[PDB]
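Reading through the structure tokens given below for one structure.
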Amino acid sequence: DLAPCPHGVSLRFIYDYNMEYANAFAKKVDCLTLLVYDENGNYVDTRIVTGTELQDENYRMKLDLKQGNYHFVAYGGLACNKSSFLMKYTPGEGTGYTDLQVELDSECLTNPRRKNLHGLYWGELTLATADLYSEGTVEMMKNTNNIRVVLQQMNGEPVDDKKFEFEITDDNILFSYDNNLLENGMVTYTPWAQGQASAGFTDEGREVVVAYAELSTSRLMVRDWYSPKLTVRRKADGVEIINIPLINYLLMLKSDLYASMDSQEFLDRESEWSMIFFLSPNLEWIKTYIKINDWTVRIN
Ligand SMILES: [Mg+2]
Ligand SMILES: [Mg+2]
């Protein structure tokens with residue numbers, strides 16, 4: 001032979017932090033950024049994977065490393081050209097584990113062709129190396145969300161989407177190294193898709209036509225420094241018919257169906273949201289019952 005035994009790690013990347021409690025990494029993460037830090041948190045290396053090998057569930061990242069204990073950080077949706085977020089380093093400050101920040105590219109808030117955000121995934125792992133590579137799994141979570149807002153008349157008469165403006169105000173486009181949100185100033189999300197949809201027919205054979213808006217946002221978190229808002233405004237008179245604390249309303253679904261689940265876990269595991277608001281003939285919101293993810297929730 002020539003050399004001593006190969007040494008390092010062999011990493012598996014999974015995304016099972018969803019409501020199905022099942023790995024969807026192969027079908028959801030198309031680009032991977034893997035960062036290597038030493039035991040003290042100092043930068044060592046970066047590995048970027050954008051190929052078809054990510055669709056293989058048997059995929060492992062073999063890393064030849066000097067004997068030691070390492071901390072690995074994985075990002076999904078940062079590497080390919082479709083990406084909505086950027087790695088951010090503070091000029092003058094280091095490149096270590098605790099110096100990394102990820103921010104949304106501000107052009108995604110306004111460019112209609114970029115409003116529907118590319119999935120952002122994150123996970124980390126501390127793992128010591130071994131002869132013939134130690135095995136470790138980087139368990140990842142999804143940071144982006146899709147919220148479909150529906151306006152439906154209680155009597156079944158149509159709702160014209162063009163009569164309304166839909167917004168989500170939040171302060172959630174800057175992430176620290178530990179994937180927590182950093183206060184960076186309020187942003188306004190507007191719909192990437194808006195129109196009308198069918199909700200079936202009335203007993204009089206009349207089609208029920210609803211208004212919808214799809215909004216794509218960054219991480220939904222319970223925190224004491226920001227209360228994200230969902231706002232629905234009538235264009236003609238500027239009246240805000242809906243103005244609610246979005247996170248509180250979603251957690252009314254958790255309290256009903258997933259009472260033992262952690263609030264943050266629920267906000268992270270679920271990434272596909274839908275909310276139906278019922279309107280009176282004057283197009284005012286009937287503040288009694290709504291639908292969250294097809295489940296009827298009492299507000300008061
Ligand atoms: Mg990608
Ligand atoms: Mg989520």
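Numbering of residues begins at 1 and proceeds along the displayed sequence. These numbers come from the heavy atoms of this one structure, side chains and all, not from hydrogens, waters or symmetry mates.
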Derivation of the side-chain contact (heavy atoms from CB on, under 4.5 Å) call for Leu54 and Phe25
CA-CA 8 Å; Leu54 292 177; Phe25 185 89; 4.0 Å; yes

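- Ionic pairing of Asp170 and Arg223 is present here: one or more N-O contacts between side-chain nitrogen and carboxylate oxygen are shorter than 4.0 angstrom.
- Taking the side-chain contact (heavy atoms from CB on, under 4.5 Å) definition, one finds that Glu204 meets it with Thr202, sequence neighbours left out.
- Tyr17 is listed as a side-chain neighbour of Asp268, based on a closest heavy-atom distance under 4.5 Å.
- Using a 30° and 60° split on the angle between ring planes, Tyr258 and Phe266 fall in the tilted class, from 30° to 60°.
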With side-chain contact (heavy atoms from CB on, under 4.5 Å) as the criterion, how do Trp273 and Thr217 come out once you've worked through the C-alpha distance, each side chain's angles and the decisive distance to 0.1 Å?
CA-CA 11 Å; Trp273 307 94; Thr217 76; over 6 Å; no

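- Take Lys88 and apply the salt bridge (charged side-chain N to carboxylate O under 4.0 Å, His left out) test, not counting sequence neighbours, and it matches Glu103.
- In the hydrophobic clustering of ILVMFWY residues, with side-chain heavy atoms under 4.5 Å counting as a link, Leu117 and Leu230 come out together.
- Taking the side chain as every heavy atom from C-beta outward, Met61 and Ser10 never approach each other to under 4.5 Å.
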Decide salt bridge (charged side-chain N to carboxylate O under 4.0 Å, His left out) for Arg206 and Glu157; before the verdict, give the C-alpha distance in whole Å, the side-chain angles of both, and the deciding distance to 0.1 Å.
CA-CA 8 Å; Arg206 278 275 319 275; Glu157 287 312 303; 2.8 Å; yes

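- A salt bridge (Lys or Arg N to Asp or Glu O under 4.0 Å) with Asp105 is found for one member of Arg114, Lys82, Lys115 and no other, namely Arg114.
- Atom CZ of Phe72 and atom CG of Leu11 lie 5.0 Å apart (nearest 0.5 Å).
- Taking all atoms of both residues into account, the shortest heavy-atom contact from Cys31 to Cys80 is SG-N, 3.2 Å.
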Derivation and outcome, side-chain hydrogen bond (donor to acceptor under 3.5 Å, both in side chains), residues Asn146 and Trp192
CA-CA 10 Å; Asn146 190 74; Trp192 63 264; 2.9 Å; yes

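- Atom CD of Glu135 sits in a sparse spot, with 12 or fewer heavy atoms from other residues, nucleotides or ligands closer than 6.0 Å.
- Under the 4.5 Å side-chain heavy-atom criterion for grouping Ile, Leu, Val, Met, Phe, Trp and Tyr, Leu120 is connected to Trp122 within one hydrophobic cluster.
- The existence of a salt bridge linking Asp237 and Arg234 is confirmed by a sub-4.0 Å separation between a basic side-chain nitrogen and an acidic carboxylate oxygen.
- Side-chain contact between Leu151 and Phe164: present, with at least one pair of heavy atoms (C-beta onward) separated by less than 4.5 Å.
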Quick one, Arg233 with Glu167, criterion salt bridge (charged side-chain N to carboxylate O under 4.0 Å, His left out). Give me CA distance, side-chain angles, the key distance, then yes/no.
CA-CA 9 Å; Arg233 193 166 43 246; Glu167 285 157 357; 2.8 Å; yes

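- Within 6.0 Å of the CZ atom in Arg47, the count of heavy atoms belonging to other residues, nucleotides or ligands does not exceed 12.
- Linking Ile, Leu, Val, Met, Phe, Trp and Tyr residues whenever their side-chain heavy atoms come within less than 4.5 Å leaves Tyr89 and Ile48 in two separate clusters.
- Contact annotation: the side chain of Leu181 approaches that of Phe175 to within less than 4.5 Å [non-hydrogen atoms, C-beta and beyond].
- Here the side chains of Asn293 and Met19 are not in contact, with every heavy-atom distance at 4.5 Å or above.
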Determine, step by step, whether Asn172 and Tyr189 satisfy the side-chain hydrogen bond (donor to acceptor under 3.5 Å, both in side chains) criterion, reporting the C-alpha distance in whole Å, the side-chain angles of both residues, the deciding distance to 0.1 Å, and the verdict.
CA-CA 11 Å; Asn172 63 340; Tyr189 297 100; 2.7 Å; yes

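- The cluster map of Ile, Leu, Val, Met, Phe, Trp and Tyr, joined by side-chain heavy atoms under 4.5 Å apart, puts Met140 and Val49 in the same cluster.
- Following chains of ILVMFWY side-chain contacts shorter than 4.5 Å, one can reach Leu253 starting from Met261, so the two form part of one hydrophobic cluster.
- Between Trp285 and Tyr249, the two ring planes are tilted [angle within 30° to 60°].
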